[PDB]
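**Q** So here's data-v8.txt, just compact mmCIF, C-alpha atoms and all ligand atoms:
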```txt
# COMPACT_ATOMS: atom_id res chain seq x y z
CA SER A 14 0.00 0.00 0.00
CA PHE A 15 1.51 3.24 1.23
CA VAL A 16 4.98 1.82 2.01
CA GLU A 17 5.90 2.44 -1.63
CA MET A 18 5.45 6.18 -1.11
CA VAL A 19 7.46 6.50 2.11
CA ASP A 20 10.64 8.53 1.48
CA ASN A 21 9.51 9.67 -1.99
CA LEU A 22 10.52 13.33 -1.32
CA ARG A 23 14.01 14.85 -1.52
CA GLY A 24 15.32 18.36 -1.11
CA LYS A 25 18.04 20.80 -0.18
CA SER A 26 17.59 22.93 2.95
CA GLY A 27 15.75 26.17 2.17
CA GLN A 28 15.21 25.17 -1.48
CA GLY A 29 11.98 23.14 -1.32
CA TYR A 30 10.89 19.51 -1.27
CA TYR A 31 10.36 17.65 -4.56
CA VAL A 32 8.85 14.41 -5.84
CA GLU A 33 9.71 12.51 -9.01
CA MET A 34 7.08 12.59 -11.80
CA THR A 35 6.92 11.67 -15.48
CA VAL A 36 5.03 13.55 -18.20
CA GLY A 37 4.35 12.66 -21.82
CA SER A 38 4.70 9.57 -24.01
CA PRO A 39 7.41 8.23 -23.89
CA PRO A 40 7.80 9.24 -20.22
CA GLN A 41 9.98 12.27 -19.49
CA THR A 42 11.24 12.25 -15.89
CA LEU A 43 11.27 15.50 -13.88
CA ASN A 44 11.65 16.53 -10.23
CA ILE A 45 8.64 18.58 -9.15
CA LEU A 46 8.39 20.82 -6.10
CA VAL A 47 5.47 19.98 -3.80
CA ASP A 48 3.64 23.32 -3.19
CA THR A 49 0.47 23.42 -1.08
CA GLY A 50 0.45 27.24 -1.43
CA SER A 51 -0.66 27.29 -5.10
CA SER A 52 -2.75 25.42 -7.65
CA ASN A 53 -0.94 25.32 -11.03
CA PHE A 54 1.10 22.37 -12.32
CA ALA A 55 3.97 23.85 -14.33
CA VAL A 56 7.33 22.69 -15.64
CA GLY A 57 10.37 24.24 -17.26
CA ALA A 58 9.97 23.72 -21.02
CA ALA A 59 12.87 25.81 -22.39
CA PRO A 60 16.58 26.16 -21.54
CA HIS A 61 17.47 27.99 -18.36
CA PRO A 62 20.81 28.46 -16.59
CA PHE A 63 19.48 26.68 -13.48
CA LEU A 64 17.70 23.80 -15.28
CA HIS A 65 19.50 20.53 -15.95
CA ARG A 66 16.52 19.23 -17.96
CA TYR A 67 13.10 20.39 -19.10
CA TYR A 68 9.85 19.25 -20.69
CA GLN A 69 10.01 18.76 -24.48
CA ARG A 70 6.46 18.92 -25.83
CA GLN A 71 7.55 18.00 -29.37
CA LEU A 72 8.85 14.63 -28.09
CA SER A 73 5.53 13.58 -26.47
CA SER A 74 2.90 12.00 -28.71
CA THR A 75 0.20 12.56 -26.06
CA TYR A 76 0.74 16.32 -25.70
CA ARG A 77 -2.19 18.55 -26.64
CA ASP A 78 -1.89 22.32 -27.00
CA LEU A 79 -4.61 24.41 -25.35
CA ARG A 80 -3.64 27.57 -27.32
CA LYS A 81 -3.83 29.79 -24.25
CA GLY A 82 -1.13 31.65 -22.30
CA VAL A 83 -0.70 31.78 -18.53
CA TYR A 84 1.21 33.73 -15.89
CA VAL A 85 1.59 32.92 -12.17
CA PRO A 86 3.03 35.34 -9.57
CA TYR A 87 4.22 34.05 -6.18
CA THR A 88 5.32 35.88 -3.03
CA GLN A 89 8.81 35.68 -4.55
CA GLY A 90 9.26 34.62 -8.14
CA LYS A 91 7.04 34.36 -11.20
CA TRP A 92 6.79 32.62 -14.55
CA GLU A 93 4.79 32.71 -17.77
CA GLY A 94 4.09 29.95 -20.25
CA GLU A 95 1.77 28.07 -22.59
CA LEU A 96 -1.11 25.87 -21.39
CA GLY A 97 -1.61 22.29 -22.59
CA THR A 98 -2.33 18.77 -21.40
CA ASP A 99 -0.40 15.51 -21.28
CA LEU A 100 -0.30 12.19 -19.42
CA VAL A 101 1.33 12.28 -15.99
CA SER A 102 2.52 9.57 -13.58
CA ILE A 103 4.22 9.44 -10.17
CA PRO A 104 6.72 6.54 -10.07
CA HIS A 105 6.79 6.39 -6.26
CA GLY A 106 3.09 7.10 -5.95
CA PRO A 107 -0.11 5.31 -6.91
CA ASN A 108 0.01 3.12 -10.03
CA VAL A 109 -2.04 5.43 -12.25
CA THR A 110 -1.75 7.76 -15.22
CA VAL A 111 -3.88 10.89 -15.52
CA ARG A 112 -4.33 13.50 -18.22
CA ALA A 113 -3.60 16.76 -16.45
CA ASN A 114 -3.26 20.44 -17.27
CA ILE A 115 0.39 21.48 -17.60
CA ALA A 116 1.84 24.96 -17.98
CA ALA A 117 4.98 24.84 -20.14
CA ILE A 118 7.20 27.54 -18.62
CA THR A 119 8.90 29.61 -21.33
CA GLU A 120 10.03 32.65 -19.33
CA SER A 121 10.58 33.20 -15.62
CA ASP A 122 11.99 35.58 -13.02
CA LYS A 123 13.52 34.49 -9.67
CA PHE A 124 11.47 31.25 -9.83
CA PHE A 125 14.01 28.48 -10.47
CA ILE A 126 16.68 28.11 -7.78
CA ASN A 127 20.30 27.37 -8.63
CA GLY A 128 21.16 23.90 -7.34
CA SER A 129 17.67 22.99 -6.12
CA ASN A 130 17.39 19.89 -8.39
CA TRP A 131 13.72 20.51 -9.32
CA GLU A 132 12.33 21.62 -12.67
CA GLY A 133 8.62 22.19 -12.01
CA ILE A 134 5.98 22.86 -9.39
CA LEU A 135 2.93 20.84 -8.31
CA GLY A 136 0.31 23.24 -6.98
CA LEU A 137 -1.79 21.21 -4.53
CA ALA A 138 -4.30 23.86 -3.40
CA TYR A 139 -7.77 24.42 -4.83
CA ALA A 140 -9.01 25.61 -8.22
CA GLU A 141 -10.24 28.93 -6.80
CA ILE A 142 -6.65 30.32 -6.87
CA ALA A 143 -5.55 28.68 -10.14
CA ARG A 144 -4.38 30.89 -13.04
CA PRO A 145 -5.64 32.13 -15.41
CA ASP A 146 -8.92 31.34 -13.59
CA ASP A 147 -10.65 28.65 -11.56
CA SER A 148 -11.72 26.70 -14.64
CA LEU A 149 -8.18 25.30 -15.04
CA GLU A 150 -8.52 22.04 -13.11
CA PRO A 151 -5.57 21.45 -10.72
CA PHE A 152 -3.64 18.18 -10.81
CA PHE A 153 -5.01 16.65 -7.61
CA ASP A 154 -8.60 17.32 -8.72
CA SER A 155 -7.80 15.58 -12.02
CA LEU A 156 -6.16 12.69 -10.14
CA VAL A 157 -9.20 12.15 -7.91
CA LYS A 158 -11.68 12.56 -10.77
CA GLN A 159 -9.97 10.06 -13.12
CA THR A 160 -8.86 7.30 -10.68
CA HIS A 161 -9.84 5.65 -7.39
CA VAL A 162 -7.28 7.61 -5.31
CA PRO A 163 -9.13 8.98 -2.23
CA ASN A 164 -9.41 12.76 -1.91
CA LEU A 165 -6.60 13.35 0.57
CA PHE A 166 -2.82 13.38 0.90
CA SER A 167 -0.33 13.82 3.71
CA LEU A 168 3.15 15.37 3.98
CA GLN A 169 6.02 14.42 6.28
CA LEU A 170 8.79 16.96 5.72
CA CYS A 171 12.04 16.05 7.45
CA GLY A 172 14.68 18.66 8.29
CA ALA A 173 18.38 18.21 9.04
CA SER A 185 20.17 17.37 1.99
CA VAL A 186 16.75 16.56 3.46
CA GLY A 187 13.95 14.13 2.72
CA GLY A 188 10.34 13.24 3.44
CA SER A 189 7.17 11.51 2.31
CA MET A 190 4.09 12.53 0.34
CA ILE A 191 1.43 9.88 0.91
CA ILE A 192 -0.98 10.27 -2.00
CA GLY A 193 -4.48 9.09 -1.13
CA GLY A 194 -4.16 8.35 2.57
CA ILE A 195 -2.44 8.33 5.94
CA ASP A 196 0.58 6.14 6.84
CA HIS A 197 0.53 5.51 10.57
CA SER A 198 4.20 4.58 10.75
CA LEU A 199 5.05 8.23 10.00
CA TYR A 200 3.79 9.76 13.27
CA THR A 201 3.43 9.25 17.03
CA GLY A 202 0.62 10.26 19.38
CA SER A 203 -2.77 11.49 18.19
CA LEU A 204 -3.74 13.43 15.08
CA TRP A 205 -5.41 16.78 15.84
CA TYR A 206 -7.60 18.39 13.15
CA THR A 207 -8.35 22.03 12.31
CA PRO A 208 -11.02 23.14 9.79
CA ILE A 209 -10.08 24.32 6.33
CA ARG A 210 -11.83 27.70 6.57
CA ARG A 211 -12.33 28.11 2.81
CA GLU A 212 -11.22 26.00 -0.15
CA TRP A 213 -8.78 28.26 -1.94
CA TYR A 214 -5.49 28.25 -0.11
CA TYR A 215 -5.33 25.71 2.69
CA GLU A 216 -6.64 28.44 5.02
CA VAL A 217 -6.81 27.88 8.79
CA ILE A 218 -7.59 29.99 11.87
CA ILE A 219 -4.98 30.60 14.62
CA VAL A 220 -6.76 31.38 17.90
CA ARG A 221 -3.90 31.96 20.38
CA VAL A 222 -0.11 32.41 20.37
CA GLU A 223 2.27 31.73 23.30
CA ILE A 224 6.05 32.16 23.53
CA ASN A 225 7.74 30.19 26.33
CA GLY A 226 4.28 29.77 27.83
CA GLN A 227 3.38 33.49 27.85
CA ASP A 228 0.37 34.64 25.84
CA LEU A 229 1.17 37.28 23.23
CA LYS A 230 -2.11 38.95 24.32
CA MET A 231 -3.11 40.33 20.93
CA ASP A 232 -6.56 40.44 19.40
CA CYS A 233 -6.65 37.02 17.74
CA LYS A 234 -7.81 38.65 14.49
CA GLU A 235 -4.22 39.95 14.22
CA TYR A 236 -2.91 36.38 13.88
CA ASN A 237 -5.06 35.82 10.79
CA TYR A 238 -4.77 39.25 9.14
CA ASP A 239 -5.66 38.90 6.36
CA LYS A 240 -5.49 35.08 6.20
CA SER A 241 -3.43 32.22 7.64
CA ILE A 242 -2.31 29.43 5.31
CA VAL A 243 -0.25 26.21 5.32
CA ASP A 244 2.40 26.28 2.54
CA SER A 245 5.00 23.54 1.99
CA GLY A 246 6.54 25.85 -0.64
CA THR A 247 7.52 28.60 1.81
CA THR A 248 10.63 28.08 3.95
CA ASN A 249 9.88 30.48 6.81
CA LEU A 250 7.22 31.07 9.38
CA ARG A 251 5.89 34.38 7.99
CA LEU A 252 3.87 36.62 10.30
CA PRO A 253 1.76 39.78 9.89
CA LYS A 254 3.72 42.93 10.77
CA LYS A 255 2.17 43.52 14.20
CA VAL A 256 2.56 39.84 15.17
CA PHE A 257 6.11 39.62 13.79
CA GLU A 258 7.15 42.64 15.87
CA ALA A 259 5.61 41.21 19.04
CA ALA A 260 7.24 37.82 18.43
CA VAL A 261 10.72 39.24 17.71
CA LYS A 262 10.47 41.45 20.80
CA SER A 263 9.75 38.39 22.93
CA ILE A 264 12.47 36.27 21.31
CA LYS A 265 15.03 39.08 21.64
CA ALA A 266 14.23 39.39 25.34
CA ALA A 267 14.60 35.66 25.96
CA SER A 268 18.01 35.55 24.24
CA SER A 269 19.37 38.91 25.50
CA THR A 270 22.17 36.89 27.17
CA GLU A 271 23.87 36.92 23.77
CA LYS A 272 24.24 39.64 21.16
CA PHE A 273 23.31 39.49 17.50
CA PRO A 274 23.57 41.81 14.50
CA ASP A 275 20.30 43.62 13.80
CA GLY A 276 20.32 42.15 10.28
CA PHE A 277 20.09 38.73 11.90
CA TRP A 278 16.51 39.50 13.01
CA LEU A 279 15.68 40.56 9.42
CA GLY A 280 17.00 37.27 8.02
CA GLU A 281 19.92 38.94 6.25
CA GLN A 282 22.90 38.02 8.46
CA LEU A 283 23.69 34.61 9.90
CA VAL A 284 24.87 33.90 13.44
CA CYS A 285 27.54 31.33 14.31
CA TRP A 286 28.84 29.49 17.37
CA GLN A 287 31.59 26.93 17.89
CA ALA A 288 30.43 23.52 16.66
CA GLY A 289 28.36 21.97 19.42
CA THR A 290 28.01 25.08 21.58
CA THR A 291 24.79 26.54 20.12
CA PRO A 292 22.88 27.93 23.15
CA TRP A 293 19.51 26.40 22.24
CA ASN A 294 18.26 26.95 25.81
CA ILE A 295 18.08 30.75 25.48
CA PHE A 296 15.69 30.62 22.52
CA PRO A 297 11.99 30.10 23.39
CA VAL A 298 9.43 27.61 22.12
CA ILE A 299 6.48 29.02 20.14
CA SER A 300 2.98 27.55 20.52
CA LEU A 301 0.34 28.16 17.84
CA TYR A 302 -3.20 27.26 18.92
CA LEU A 303 -5.49 26.22 16.06
CA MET A 304 -9.28 26.08 15.85
CA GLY A 305 -10.57 22.61 16.70
CA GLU A 306 -13.37 20.39 15.45
CA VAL A 307 -15.82 20.83 18.35
CA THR A 308 -17.43 23.90 19.87
CA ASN A 309 -15.07 26.09 21.94
CA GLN A 310 -12.20 23.57 21.46
CA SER A 311 -8.67 24.18 20.15
CA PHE A 312 -5.33 22.34 20.19
CA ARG A 313 -1.73 23.54 20.07
CA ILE A 314 1.41 22.80 18.11
CA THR A 315 4.72 23.72 19.72
CA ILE A 316 7.76 24.81 17.66
CA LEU A 317 11.37 24.45 18.91
CA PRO A 318 14.19 26.91 18.08
CA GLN A 319 15.86 24.13 16.08
CA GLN A 320 12.98 24.69 13.63
CA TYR A 321 13.10 28.49 13.32
CA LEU A 322 16.94 28.72 13.37
CA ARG A 323 17.71 27.20 9.98
CA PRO A 324 21.23 25.73 9.63
CA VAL A 325 23.17 27.18 6.70
CA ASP A 333 31.27 26.06 13.17
CA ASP A 334 27.48 26.02 13.34
CA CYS A 335 25.79 28.95 11.59
CA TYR A 336 22.06 29.70 11.36
CA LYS A 337 19.57 32.08 9.75
CA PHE A 338 16.50 33.42 11.54
CA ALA A 339 13.61 31.77 9.67
CA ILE A 340 10.74 33.90 10.99
CA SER A 341 10.00 36.89 8.76
CA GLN A 342 7.45 39.62 8.16
CA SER A 343 4.45 39.37 5.84
CA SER A 344 1.89 41.79 4.44
CA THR A 345 -0.41 39.04 3.09
CA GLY A 346 -1.19 37.09 6.29
CA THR A 347 0.46 34.25 8.19
CA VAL A 348 2.25 31.52 6.23
CA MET A 349 2.95 28.28 8.12
CA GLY A 350 5.92 27.17 6.03
CA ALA A 351 8.39 24.32 6.13
CA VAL A 352 9.92 25.30 9.47
CA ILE A 353 6.48 24.74 10.99
CA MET A 354 5.66 21.62 8.96
CA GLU A 355 9.07 19.95 9.54
CA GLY A 356 8.24 19.00 13.07
CA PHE A 357 4.93 17.34 12.15
CA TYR A 358 3.02 14.89 10.00
CA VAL A 359 0.42 17.03 8.20
CA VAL A 360 -2.75 15.48 6.72
CA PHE A 361 -4.54 17.50 4.01
CA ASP A 362 -7.97 15.87 4.39
CA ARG A 363 -9.77 17.52 1.49
CA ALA A 364 -12.63 15.01 1.71
CA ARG A 365 -13.54 16.16 5.22
CA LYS A 366 -12.32 19.77 4.80
CA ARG A 367 -9.75 19.58 7.58
CA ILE A 368 -5.99 19.55 8.20
CA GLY A 369 -4.48 17.16 10.73
CA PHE A 370 -1.30 17.60 12.76
CA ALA A 371 0.68 14.93 14.63
CA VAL A 372 4.22 14.72 15.99
CA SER A 373 6.45 13.46 13.19
CA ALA A 374 8.52 10.28 13.43
CA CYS A 375 11.41 12.36 12.01
CA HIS A 376 11.41 15.07 14.68
CA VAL A 377 14.52 16.92 15.84
CA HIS A 378 15.93 16.36 19.34
CA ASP A 379 16.35 19.09 21.93
CA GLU A 380 17.85 17.89 25.16
CA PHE A 381 15.14 19.01 27.59
CA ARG A 382 12.28 20.05 25.27
CA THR A 383 10.19 18.41 22.55
CA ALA A 384 7.94 19.57 19.74
CA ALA A 385 4.38 18.59 20.52
CA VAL A 386 0.76 18.52 19.38
CA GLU A 387 -1.48 18.75 22.42
CA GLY A 388 -5.14 19.06 23.28
CA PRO A 389 -7.91 19.58 23.95
CA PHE A 390 -7.95 23.22 25.05
CA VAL A 391 -11.00 25.39 25.63
CA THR A 392 -11.04 28.66 23.65
CA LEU A 393 -14.06 30.95 23.64
CA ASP A 394 -15.36 32.93 20.64
CA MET A 395 -13.09 31.23 18.10
CA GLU A 396 -15.12 32.42 15.08
CA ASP A 397 -14.15 36.00 15.94
CA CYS A 398 -10.50 35.20 15.15
CA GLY A 399 -11.18 34.93 11.43
CA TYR A 400 -10.56 38.12 9.50
CA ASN A 401 -13.20 39.70 7.23
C1 LIG A 501 -1.11 32.31 -7.79
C2 LIG A 501 -1.68 32.23 -6.40
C3 LIG A 501 -0.90 31.31 -5.50
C4 LIG A 501 0.36 31.97 -5.05
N1 LIG A 501 0.93 31.32 -3.89
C5 LIG A 501 2.06 31.76 -3.33
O1 LIG A 501 2.68 32.73 -3.75
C6 LIG A 501 2.54 31.01 -2.10
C7 LIG A 501 2.01 31.74 -0.88
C8 LIG A 501 4.09 30.93 -2.06
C9 LIG A 501 4.64 29.77 -2.91
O2 LIG A 501 4.62 28.57 -2.12
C10 LIG A 501 6.05 30.04 -3.41
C11 LIG A 501 6.63 28.86 -4.21
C12 LIG A 501 8.00 29.12 -4.85
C13 LIG A 501 8.63 27.82 -5.34
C14 LIG A 501 7.87 30.11 -6.01
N2 LIG A 501 6.94 30.39 -2.31
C15 LIG A 501 7.39 31.63 -2.12
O3 LIG A 501 7.09 32.56 -2.86
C16 LIG A 501 8.33 31.84 -0.93
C17 LIG A 501 8.38 33.37 -0.51
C18 LIG A 501 9.27 33.65 0.71
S1 LIG A 501 9.28 35.39 1.24
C19 LIG A 501 10.62 35.36 2.42
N3 LIG A 501 9.65 31.33 -1.28
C20 LIG A 501 10.44 30.69 -0.41
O4 LIG A 501 10.14 30.52 0.77
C21 LIG A 501 11.77 30.23 -0.97
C22 LIG A 501 11.91 28.71 -0.98
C23 LIG A 501 11.02 28.02 -2.00
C24 LIG A 501 11.60 28.07 -3.38
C25 LIG A 501 10.81 26.61 -1.59
```
Represent the structure of the file as structure tokens.
Ligand SMILES: CCCCNC(=O)[C@H](C)C[C@H](O)[C@H](CC(C)C)NC(=O)[C@H](CCSC)NC(=O)CCC(C)C
**A**
Amino acid sequence: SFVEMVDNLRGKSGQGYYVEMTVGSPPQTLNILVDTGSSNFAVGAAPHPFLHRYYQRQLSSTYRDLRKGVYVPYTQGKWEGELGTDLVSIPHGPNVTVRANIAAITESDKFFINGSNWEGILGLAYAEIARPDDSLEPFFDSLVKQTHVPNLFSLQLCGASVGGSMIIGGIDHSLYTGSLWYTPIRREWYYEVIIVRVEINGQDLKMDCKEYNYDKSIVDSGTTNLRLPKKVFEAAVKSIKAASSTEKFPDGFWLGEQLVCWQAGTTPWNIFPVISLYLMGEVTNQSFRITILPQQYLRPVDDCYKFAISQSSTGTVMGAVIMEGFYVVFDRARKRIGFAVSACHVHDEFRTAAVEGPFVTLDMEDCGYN
């Protein structure tokens, strides 16, 4: 069953996680970034300095041109291309072939990453945010419509080259410990969720919970950092600075520009706090919390690290540094996202990443932004 999909993801730190796919007839093999923050399937289809290979439409007898252009902008990076369809398979996934929409990327700007080893992107979110419009059916919708694959997938992203698993069509219980805790998908466009409380080293940030979700909160395997709205980012950095005031850092460290180093094995993990995000639960007035260790938001790049929490003007993004400690179930069928402690979690000496509940939280619906 699912054992064939365990360990089907690879990556380089800070450069995304990718799965192997084939497109066209005869099959052309490509490494494809797994991106829950978007909804277009697109591949390099022309030479590029950072591409070692690309999709050659003229060599595929099953390619069909849709005679329509497309452009997709991301938080950082963008591409344009030509829409079409072709047959697609996932060698270390389910034994199926689907005809899917594919954008052939012909021009791009700050999209491909030098040395990342991937040549395309698999947008796993919903049609509502697909370009050029929501009539372009995303890959996973095509997969579910054309085969018997159930309407869900799960991601285990493993940190410190990196690896992981994308279980297509189900949940693999060997990939997590403890219980799964579920939060509602607020609206099917991004994987949007509602954060109802934030604590740092056990102290409530004491902000209006609308601030945590201004103007949305999303889960995105294609973003490295935890990205926070301006007011929340400032409160969080103020608290983290205070907890670590024992040591001194450049001010560009807190902006993500400069790295900090310590003698190998002497990193003072103890002076950096844990961060708890409380998420809306499945029953009335109930939440649960996920706890993040500094080993997740200090990304290794002697031992040197970059601060991987940064400021956003488009809402909270729960990126890889959040997802890396957990097994995350995208349960589209039941419109919910599950979190459990990952089997590939990092080890602090006295602290552990956790998923804990239940908690009582009043007036949770008021935390969503309108
Ligand atoms: C069209 C509507 C949907 C748009 N969705 C998005 O823009 C989502 C929120 C972001 C999307 O996941 C892209 C993916 C990237 C590979 C381009 N990520 C980024 O733009 C983020 C922006 C970071 S701002 C410090 N890129 C990274 O974190 C760098 C590492 C990645 C190459 C793995």
**Q** Within 7 Å of region 264-274 of chain A, counting only C-alpha atoms, which residues qualify if same-chain residues fewer than 2 places away don't, as a PyMOL selection string?
**A** chain A and resi 260-262+276-277+295-297
**Q** Draw an axis-aligned box tight on the listed atoms of ligand LIG 501 (chain A), then pad every side by 8 Å and write out centre and edge lengths in Å to one decimal as JSON.
**A**
```
{"center_x": 5.1, "center_y": 31.0, "center_z": -2.7, "size_x": 29.6, "size_y": 24.8, "size_z": 26.2}
```
**Q** Restrict the calculation to only C-alpha atoms and all ligand atoms, then for each residue of chain A with any atom at most 6 Å from an atom of ligand LIG 501 (chain A) give the closest atom pair and their distance in Å to one decimal, rows by chain and rising residue number, as CSV.
**A**
```
residue,atom,partner,partner_atom,distance
A:27,CA,A:LIG501,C22,5.6
A:28,CA,A:LIG501,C25,4.6
A:29,CA,A:LIG501,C25,3.7
A:48,CA,A:LIG501,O2,5.4
A:50,CA,A:LIG501,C6,4.4
A:51,CA,A:LIG501,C3,4.0
A:85,CA,A:LIG501,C1,5.2
A:86,CA,A:LIG501,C1,5.4
A:87,CA,A:LIG501,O1,3.2
A:88,CA,A:LIG501,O3,3.8
A:89,CA,A:LIG501,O3,3.9
A:90,CA,A:LIG501,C14,5.2
A:124,CA,A:LIG501,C14,5.4
A:142,CA,A:LIG501,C2,5.3
A:244,CA,A:LIG501,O2,5.6
A:246,CA,A:LIG501,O2,3.6
A:247,CA,A:LIG501,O4,3.4
A:248,CA,A:LIG501,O4,4.0
```
**Q** From the list A:288, A:192, A:96, A:147, which residue is nearest residue 212 (chain A) when using all atoms listed in the file?
**A**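 Going through A:288, A:192, A:96, A:147 one by one, the smallest distance to residue 212 (chain A) is for A:147.
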**Q** Rank A:188, A:389, A:106, A:39 by their smallest atom-to-atom distance to residue 302 (chain A), using all atoms listed in the file, and report the top residue only.
**A**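 For residue 302 (chain A), the nearest of the candidates is A:389.
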**Q** Which residues, protein or nucleic acid, reach to within 10 Å of (-4.8, 20.4, 10.6) in the file's coordinates when using only C-alpha atoms, and can you give that as a ChimeraX atom specification?
**A** /A:204-209,215-217,243,303-306,312,358-362,366-371
**Q** Per residue of region 41-85 of chain A within 12 Å of region 119-122 of chain A, what are the shortest atom pair and its distance in Å to one decimal, counting all atoms listed in the file, with rows by chain and residue number, as a tab-separated table?
**A**
```
residue	atom	partner	partner_atom	distance
A:55	CA	A:119	CA	10.3
A:56	CA	A:119	CA	9.1
A:57	CA	A:119	CA	6.9
A:58	CA	A:119	CA	6.0
A:59	CA	A:119	CA	5.6
A:60	CA	A:119	CA	8.4
A:61	CA	A:120	CA	8.8
A:62	CA	A:121	CA	11.3
A:63	CA	A:121	CA	11.2
A:64	CA	A:121	CA	11.8
A:67	CA	A:119	CA	10.4
A:68	CA	A:119	CA	10.4
A:69	CA	A:119	CA	11.4
A:70	CA	A:119	CA	11.9
A:82	CA	A:119	CA	10.3
A:83	CA	A:119	CA	10.2
A:84	CA	A:121	CA	9.4
A:85	CA	A:121	CA	9.6
```
**Q** Would you pick out the contacts of residue 155 (chain A) at 9 Å or less, using only C-alpha atoms, so that residues sharing its chain but fewer than 6 positions from it are not included, and give the list as a ChimeraX atom specification?
**A** /A:111-114
**Q** Tell me, counting only C-alpha atoms, for each residue of region 348-394 of chain A within 8 Å of region 197-203 of chain A, which pair of atoms is nearest and how far apart they are in Å to one decimal, in rows ordered by chain and increasing number, as CSV.
**A**
```
residue,atom,partner,partner_atom,distance
A:357,CA,A:200,CA,7.7
A:358,CA,A:200,CA,6.1
A:371,CA,A:203,CA,6.0
A:372,CA,A:201,CA,5.6
A:373,CA,A:200,CA,4.6
A:374,CA,A:200,CA,4.8
A:375,CA,A:199,CA,7.8
A:386,CA,A:203,CA,8.0
```
**Q** With distances taken over only C-alpha atoms, which residue among A:170, A:157, A:317, A:140 lies nearest residue 381 (chain A)?
**A**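 Of all the options, A:317 lies closest to residue 381 (chain A).
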**Q** Tell me, as a list in words, which residues lie within 9 Å of residue 109 (chain A), counting all atoms listed in the file; anything in the same chain fewer than 3 positions away does not count.
**A**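 Returned residues: residues 101, 102, 103, 106, 156, 160 and 162 of chain A.
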**Q** Can you tell me how far CA of residue 47 (chain A) sits from CA of residue 245 (chain A), in Å to one decimal?
**A**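 Interatomic distance here is 6.8 Å.
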**Q** Could you check which residues have any atom within 8 Å of (11.9, 38.0, 9.0), counting all atoms listed in the file with coordinates taken straight from the file, and then list them as a PyMOL selection string?
**A** chain A and resi 251+257+278-280+338-342
**Q** With all atoms listed in the file as the basis for distance, which of A:165, A:191, A:259, A:22 is at the shortest distance from residue 222 (chain A)?
**A** A:259
**Q** Smallest atom-to-atom distance to residue 397 (chain A): which of A:300, A:320, A:343, A:237, using all atoms listed in the file?
**A**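 Of all the options, A:237 lies closest to residue 397 (chain A).
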**Q** So, with only C-alpha atoms as the atoms that count, which of A:253, A:65, A:97, A:134 lies closest to residue 30 (chain A)?
**A**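 Closest candidate: A:134.
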**Q** How many Å separate CA of residue 258 (chain A) from CA of residue 392 (chain A)?
**A** 24.2 Å
**Q** Since fewer atoms than expected are present, regenerate N, CA, C and O atoms for region 278-286 of chain A and write them as an mmCIF file, in the frame of the given file.
**A**
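Saved result, result_34.cif, follows:
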```
data_model
loop_
_atom_site.group_PDB
_atom_site.id
_atom_site.type_symbol
_atom_site.label_atom_id
_atom_site.label_comp_id
_atom_site.auth_asym_id
_atom_site.auth_seq_id
_atom_site.Cartn_x
_atom_site.Cartn_y
_atom_site.Cartn_z
ATOM 1 N N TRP A 278 17.954 39.546 12.770
ATOM 2 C CA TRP A 278 16.510 39.500 13.010
ATOM 3 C C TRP A 278 15.690 39.799 11.765
ATOM 4 O O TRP A 278 14.484 39.530 11.764
ATOM 5 N N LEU A 279 16.308 40.351 10.723
ATOM 6 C CA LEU A 279 15.680 40.560 9.420
ATOM 7 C C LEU A 279 15.972 39.417 8.458
ATOM 8 O O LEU A 279 15.568 39.499 7.295
ATOM 9 N N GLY A 280 16.678 38.375 8.896
ATOM 10 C CA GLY A 280 17.000 37.270 8.020
ATOM 11 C C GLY A 280 18.176 37.495 7.098
ATOM 12 O O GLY A 280 18.486 36.614 6.287
ATOM 13 N N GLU A 281 18.831 38.650 7.175
ATOM 14 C CA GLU A 281 19.920 38.940 6.250
ATOM 15 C C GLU A 281 21.224 38.280 6.687
ATOM 16 O O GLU A 281 21.843 37.537 5.918
ATOM 17 N N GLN A 282 21.637 38.514 7.929
ATOM 18 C CA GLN A 282 22.900 38.020 8.460
ATOM 19 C C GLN A 282 22.700 36.709 9.211
ATOM 20 O O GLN A 282 21.661 36.476 9.832
ATOM 21 N N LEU A 283 23.708 35.854 9.152
ATOM 22 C CA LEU A 283 23.690 34.610 9.900
ATOM 23 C C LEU A 283 24.466 34.776 11.200
ATOM 24 O O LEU A 283 25.267 35.696 11.354
ATOM 25 N N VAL A 284 24.165 33.912 12.166
ATOM 26 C CA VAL A 284 24.870 33.900 13.440
ATOM 27 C C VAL A 284 25.568 32.557 13.559
ATOM 28 O O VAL A 284 25.046 31.535 13.101
ATOM 29 N N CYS A 285 26.762 32.553 14.164
ATOM 30 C CA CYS A 285 27.540 31.330 14.310
ATOM 31 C C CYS A 285 28.023 31.155 15.748
ATOM 32 O O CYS A 285 28.195 32.120 16.500
ATOM 33 N N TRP A 286 28.249 29.893 16.106
ATOM 34 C CA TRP A 286 28.840 29.490 17.370
ATOM 35 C C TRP A 286 29.765 28.315 17.097
ATOM 36 O O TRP A 286 29.621 27.621 16.083
#
```
